[PDB]
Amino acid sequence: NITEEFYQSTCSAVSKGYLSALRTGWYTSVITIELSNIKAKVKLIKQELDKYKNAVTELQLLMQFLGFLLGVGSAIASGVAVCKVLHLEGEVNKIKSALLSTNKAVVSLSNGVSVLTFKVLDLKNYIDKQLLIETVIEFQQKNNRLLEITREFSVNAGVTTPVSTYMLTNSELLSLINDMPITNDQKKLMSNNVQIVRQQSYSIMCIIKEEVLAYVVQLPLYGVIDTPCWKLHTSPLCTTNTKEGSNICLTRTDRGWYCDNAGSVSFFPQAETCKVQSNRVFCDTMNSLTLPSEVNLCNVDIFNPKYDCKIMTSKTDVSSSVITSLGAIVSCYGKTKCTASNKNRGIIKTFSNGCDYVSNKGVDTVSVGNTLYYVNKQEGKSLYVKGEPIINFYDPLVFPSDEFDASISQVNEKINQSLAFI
């Protein structure tokens, strides 16, 4: 299921076996709260009603390495577009109308957007009936929900994420998912991962008008599902000569998540925009580059003539470890002490100067200098691919050593150039 290959020649490892779930688009729903325009166990409701009035008062005052290659989006542009529609005249009344005999209804907005509208709290109907037994309790439980939505919007300037359980309860989110217009695969994936959906959603406050509070919930559309994904971990590969500062180093800069998508590979350079759940990888295509699938060739052979593998160079031989999915890459240089230990037995391997790797089978921790790393202890097979470390192929006298946005061919050109002068 989950497997891993370490490449000794380029000091990198590839974890495969994952399945994708990529946010490719947004769904926008309009959540509504109908409000009231009002001015022994009684005095309980007295303050509960002052709380209500203030919440409305408060709401109305309110409504007055390679990541640099990414483009720049506007995350809530679609949601805010729907908000601007809800300010047109009659547009709020059109909604209030549709949600008259039911909580859930689909409405066609004037600019031609079909949206799932949803009345999750009907305070108006509640207040203008009872407040004009358990009815004290239920008012507090619904009022408290109103106060919390109010709290959230007024410390986040009307835009919140993840969408809290007060903005949209589980039972509400689940049925919203079900009433959505998506495939059965998408419905199940969202239903079985609602905490992730919550984290990739936005809650946007739109309007208070005509006794209605309206906010858009902006939900993720996963248009790519169950394609193969793999994570690339890289570490500095340096020479290990004796005289200090006479060493040269080289790191693959294309680390991150890689997912097959529509004939290409989606690449996510900041592997923190992606959230892994078991063997499923939730990513957002806004944080990706679209590369040719040939990019995968860089792991097998970094000198392949089909794709120009990206690297940076330096003279900075510092030690560090990279904790992978199924093991640990260790770059030990200079006088650093680098080890790996079993939980009960102690040190089992001492690393030499160079870049090496150890799997999580039998290993619980790795130490580099004064830094303790615990390794992920998930089941999976690791393969160690022996190979000559490519930094040995370069003459230090003509090596370009501050290249960052570089590649194999750019380094080869700089070398060929400075070598020709000689």
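Each form is matched to the other, and the largest set of C-alpha atoms that superpose within 1.5 Å is called the rigid core. Heads up: residue numbers just count along the shown sequence, starting at 1.
- Rigid core fits of the other structures in 5 other deposited structures of this protein place the C-alpha atoms of one stretch farther away on average; of 85 to 93 and 136 to 144, that stretch is 136 to 144.
- Comparing the two stretches 123 to 131 and 197 to 205 by root mean square C-alpha distance in 5 other deposited structures of this protein, with all structures fitted on the core, the more displaced one is 123 to 131.
- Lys361, present in the displayed chain, carries coordinates in each of the other PDB entries compared that cover both sides of it, far from a third leaving it out.
- Compared against other deposited entries of this protein, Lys39 counts as often unmodelled, lacking coordinates in at least a third of those that resolve the residues around it.
- The segment from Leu132 to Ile133 is interrupted, since 10 or more residues of the deposited sequence in that interval carry no coordinates.
- Of the two segments examined, 364 to 372 and 55 to 63, it is 55 to 63 that shows the higher average Cα temperature factor in the deposited entry.
- Per-stretch averaging of Cα B factors for 16 to 24 and 408 to 416 places 408 to 416 on top.
- As recorded in the entry, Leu88 carries the highest CA temperature factor of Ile311, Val80, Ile149, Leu88.
- When the C-alpha B factors of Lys306, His233, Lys343, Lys337 are read from the deposited coordinates, the top value falls at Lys343.
- In this PDB entry, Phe153 carries a Cα temperature factor that places it within the middle third of its chain's modelled residues.
- Looking at the C-alpha B-factors along this chain, the one for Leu44 belongs to the highest third.
- Sort the chain's modelled residues by C-alpha temperature factor and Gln378 lands in the middle third, per the entry.
- Sort the chain's modelled residues by C-alpha temperature factor and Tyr126 lands in the highest third, per the entry.
- Sort the modelled residues of the chain by CA B factor and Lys142 lands in the highest third.
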